[PDB]
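Visitor: Dropping the structure in here first, questions after.
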Amino acid sequence: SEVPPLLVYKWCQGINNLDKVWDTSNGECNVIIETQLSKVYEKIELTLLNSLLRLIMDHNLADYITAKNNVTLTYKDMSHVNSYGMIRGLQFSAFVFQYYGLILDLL
Amino acid sequence: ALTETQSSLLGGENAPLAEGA
Amino acid sequence: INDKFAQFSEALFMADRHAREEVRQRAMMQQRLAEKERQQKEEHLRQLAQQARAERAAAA
Amino acid sequence: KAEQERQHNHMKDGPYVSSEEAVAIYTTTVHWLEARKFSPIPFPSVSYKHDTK
Amino acid sequence: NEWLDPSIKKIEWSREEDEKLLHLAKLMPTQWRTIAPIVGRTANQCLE
Amino acid sequence: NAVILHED
């Protein structure tokens, strides 16, 4: 719906339109905490991700997504198998991470 | 029974895990 | 590899099957509650129709 | 090099998420989606009307 | 990597190999690049 | 018993 400046504008408007938000008569305080979820993509577990994607969609699609994350990465003469953590370079990775982050939002 | 089973939000019957020993 | 892979996998599978059974049982519970609500609505409509018939007989 | 060592450590030192933690995460997800009445996404049909788009 | 490497076993699967393959496919589902070194065959061989 | 993470 919105560009990130409009997201910032709406966040300012929501803060301003909360109840009694600037009232500090009775000692109440307001806190904004901004933080970053550290190493989420790195620490995604592929079996658990398969279970959560199996919750929201068809099991063939979920199995495709996690099997797709289990690949061999190569760079020149180096190679290893990714077996832990997601690959952010897959086309559907933004979708998969927004769903995973929604579960983290629930937590 | 554990793989081709479809989502648990749809209800449905769990296929029997004929485990034995 | 670790045996924690085996315990982790089996825990997730039993959690999935438990959730599926809970969803099935709850779906049957609100199915029966919908059945009883529909029957109560039918009885209410029958009572309203009987009242309308009595009013029509009194007016006639 | 660091990433290969991390992958190797995951195979050797097991899933870092405990089974209790995983079950709690899964249960929170099922309770949420059941509360939101979410319908799971189907596999795309042979004659899905939006496939071309 | 998938055919011509001399460490690739193209003989028929033994019963111990089949039991290991099914057991690991139950443990780490659809993770064939992970399963294959533990079984001892290629990922495509294990999947097929 | 209590897991030691990769970063620790």
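Going down the list, the sequences are from chains A, B, C, D, E and F. Using my numbering, the letters of the first sequence correspond one by one to residues -17 to 89. Using my numbering, the letters of the second sequence correspond one by one to residues 18 to 38. Using my numbering, the letters of the third sequence correspond one by one to residues 153 to 212. Using my numbering, the letters of the fourth sequence correspond one by one to residues -15 to 37. Using my numbering, the letters of the fifth sequence correspond one by one to residues 3 to 50. Using my numbering, the letters of the sixth sequence correspond one by one to residues 11 to 18. The C-beta atom is built at its ideal place from N, Cα and C for all residues, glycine as well.
#1: Can you check which of these residues, A/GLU10, A/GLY9, A/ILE38, A/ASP1, is closest to D/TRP16 by C-alpha distance?
#2: Which chain A residues sit within Cβ distance under 7 Å of C/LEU197?
#3: Does DSSP put A/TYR23 in a helix, in a strand, or in coil?
#4: With 8 Å as the threshold, decide whether the Cβ of C/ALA167 is near any Cβ in chain E.
#5: On the DSSP letters alone, give me the boundaries of the beta strand (DSSP E) that A/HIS62 sits inside.
#6: Between A/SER20 and chain D, is the shortest Cβ-Cβ distance under 8 Å, so that the two count as touching?
#7: So, with DSSP's three-state summary, where would you put A/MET39?
#8: Could you tell me which of A/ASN64, A/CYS(-6), A/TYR46, A/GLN(-5) sits nearest to A/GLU24, measuring between CA atoms?
#9: In chain C, which residues lie less than 7 Å from B/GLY37 when you measure between Cβ atoms?
#10: Using C-beta distances below 7 Å, list every residue in its chain close to E/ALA27, excluding the 5 sequence neighbours before and after it, in chain order.
#11: Assuming C/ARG172 contacts B/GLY29 (C-beta within less than 8 Å), just tell me the rounded distance between them.
#12: From the DSSP output, which residues share a beta bridge with A/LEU55?
#13: Can you give me the Cβ contacts of A/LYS2 inside the same chain, cut-off strictly under 7 Å, excluding the 5 residues immediately before and after it?
#14: Label A/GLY83 either buried or exposed according to how many other C-beta atoms from any shown protein chain fall within 10 Å of its C-beta, with 16 as the threshold for buried.
#15: So is E/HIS25 buried or exposed if we call it buried at 16+ other beta carbons inside 10 Å?
#16: Around the C-beta of D/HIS34, are 16 or more other C-beta atoms found within 10 angstroms, so that it is buried, or is it exposed?
#17: Name the one or two DSSP bridge partners that D/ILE25 has.
#18: Please classify A/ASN12 as buried or exposed, where buried requires at least 16 other C-beta atoms within 10 Å of its C-beta.
#19: Between the segment -10 to 8 of chain D and the segment 62 to 80 of chain A, do at least 3 Cβ pairs fall closer than 8 Å?
#20: Among B/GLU21, B/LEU27, B/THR22, whose alpha-carbon lies nearest the alpha-carbon of D/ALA19?
#21: Could you confirm whether any beta carbon from chain A is found closer than 8 Å to the beta carbon of E/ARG43?
#22: With the cut-off set at 8 Å, would you say B/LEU19 and C/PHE165 are in Cβ contact?
#23: Output the distance between the C-alpha atoms of A/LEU28 and E/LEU29, rounded to the nearest integer angstrom.
#24: Go ahead and pull the three-state DSSP assignment for B/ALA38.
#25: At least one CB of chain A closer than 8 Å to the CB of D/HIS(-6): is that the case?
#26: Does any residue of chain A bring its CB to less than 8 Å from the CB of E/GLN47?
#27: At what residues does the alpha helix (DSSP H) containing A/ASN8 begin and finish?
#28: Would B/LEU27 count as contacting chain D if we go by Cβ distances under 8 Å?
#29: Would you list, in chain order, the members of the segment -2 to 18 of chain D that have their beta-carbon closer than 8 Å to a beta-carbon of chain A?
#30: Report, in whole angstroms, the separation of the C-beta atoms of A/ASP40 and D/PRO26, which I expect to be a contact under 8 Å.
#31: Please report whether the beta-carbon of C/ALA158 lies at a distance below 8 Å from any beta-carbon of chain E.
#32: DSSP state of E/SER9, grouped into three classes?
Guide: Walking through what the data contain:
#1: As a first step, residue 16 of chain D must be located in the fourth sequence, where it is residue number 32. Selected option, being the one with the closest Cα: A/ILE38.
#2: For the purposes of this step, residue 197 of chain C is identified with residue 45 of the third sequence, where counting begins at 1. The premise fails here: C/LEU197 is roughly 40 Å from chain A at the closest Cβ pair, so nothing lies under 7 Å.
#3: Within the first sequence, residue 23 of chain A is the residue found at index 41, counting from 1. The answer is helix: DSSP assigns A/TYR23 an H, G or I state.
#4: Against the third sequence, residue 167 of chain C aligns to sequence position 15. Judged by the 8 Å Cβ criterion, C/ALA167 is not in contact with chain E.
#5: Here residue 62 of chain A is taken as the residue at index 80 of the first sequence, counted from 1. 60 to 63 is the extent of the beta strand (DSSP E) around A/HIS62.
#6: As a working mapping, residue 20 of chain A is identified with position 38 in the first sequence. Not one chain D Cβ lies under 8 Å of A/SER20.
#7: Residue mapping note: residue 39 of chain A aligns to position 57 of the first sequence, counting from 1. The answer is strand: DSSP assigns A/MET39 an E or B state.
#8: As a position in the first sequence, residue 24 of chain A is number 42, starting the count at 1. Ranking A/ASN64, A/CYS(-6), A/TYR46, A/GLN(-5) by Cα distance to A/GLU24 puts A/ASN64 first.
#9: Walking along the second sequence from the start, residue 37 of chain B turns up at place 20. Going along chain C, no residue has its Cβ under 7 Å from B/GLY37, so there is no contact; the nearest lies around 16 Å.
#10: Residue 27 of chain E sits at position 25 when you count from the first residue of the fifth sequence. Cβ within range, chain order: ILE37.
#11: For the purposes of this step, residue 172 of chain C is identified with residue 20 of the third sequence, where counting begins at 1. For the purposes of this step, residue 29 of chain B is identified with residue 12 of the second sequence, where counting begins at 1. At roughly 6 Å, the Cβ-Cβ gap stays under 8 Å, so C/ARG172 and B/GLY29 are in contact.
#12: By one-based count along the first sequence, residue 55 of chain A stands at place 73. A/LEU55 pairs with A/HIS62.
#13: Taking the first sequence and counting its residues from 1, one reaches residue 2 of chain A at position 20. Within the same chain, A/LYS2 has no close Cβ partners at all.
#14: For the purposes of this step, residue 83 of chain A is identified with residue 101 of the first sequence, where counting begins at 1. That one is exposed.
#15: Within the fifth sequence, the letter at position 23 stands for residue 25 of chain E. It counts as exposed.
#16: Looking up residue 34 of chain D in the fourth sequence gives position 50. Exposed: under 16 other Cβ atoms inside 10 Å.
#17: Residue mapping note: residue 25 of chain D aligns to position 41 of the fourth sequence, counting from 1. DSSP output for D/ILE25 lists A/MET39 as bridge partner(s).
#18: Residue numbering aside, residue 12 of chain A sits at position 30 when the first sequence is read from its first letter. So A/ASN12 ends up on the exposed side.
#19: yes
#20: What you label residue 19 of chain D is simply residue 35 of the fourth sequence in a count that begins at 1. Closest option to D/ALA19, Cα to Cα, is B/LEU27.
#21: Indexing the fifth sequence from 1 puts residue 43 of chain E at position 41. It does not; no Cβ of chain A falls within 8 Å.
#22: Numbered from its first residue, the second sequence carries residue 19 of chain B at position 2. Numbered from its first residue, the third sequence carries residue 165 of chain C at position 13. Yes, they are a contact pair.
#23: Looking up residue 28 of chain A in the first sequence gives position 46. Looking up residue 29 of chain E in the fifth sequence gives position 27. A/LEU28 and E/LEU29: Cα-Cα distance of roughly 12 Å.
#24: Numbered from its first residue, the second sequence carries residue 38 of chain B at position 21. Note: B/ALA38 maps to coil in three-state DSSP.
#25: Along the fourth sequence, read from residue 1 onward, the residue named residue -6 of chain D stands at position 10. It does: the Cβ of D/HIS(-6) has a partner Cβ on chain A nearer than 8 Å.
#26: In the fifth sequence, residue 47 of chain E corresponds to position 45, counting from 1. False, the Cβ-Cβ gap to chain A never drops below 8 Å.
#27: As a first step, residue 8 of chain A is located in the first sequence; it is residue number 26 there, counting from the start. From DSSP, A/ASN8 is part of no alpha helix (DSSP H); its letter is neither H nor E.
#28: Taking the first residue of the second sequence as 1, we reach residue 27 of chain B at position 10. So yes, B/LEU27 belongs to the interface.
#29: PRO(-1), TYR0, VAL1, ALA6, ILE9, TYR10, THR12, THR13, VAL14, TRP16, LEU17
#30: The residue labelled residue 40 of chain A in the question sits at position 58 within the first sequence. The residue labelled residue 26 of chain D in the question sits at position 42 within the fourth sequence. 6 Å between Cβ atoms; contact.
#31: Locating residue 158 of chain C in the third sequence gives position 6, counting from the first residue. Yes, C/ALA158 counts as interfacial toward chain E.
#32: Within the fifth sequence, the letter at position 7 stands for residue 9 of chain E. DSSP places E/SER9 in coil when its eight states are reduced to three.
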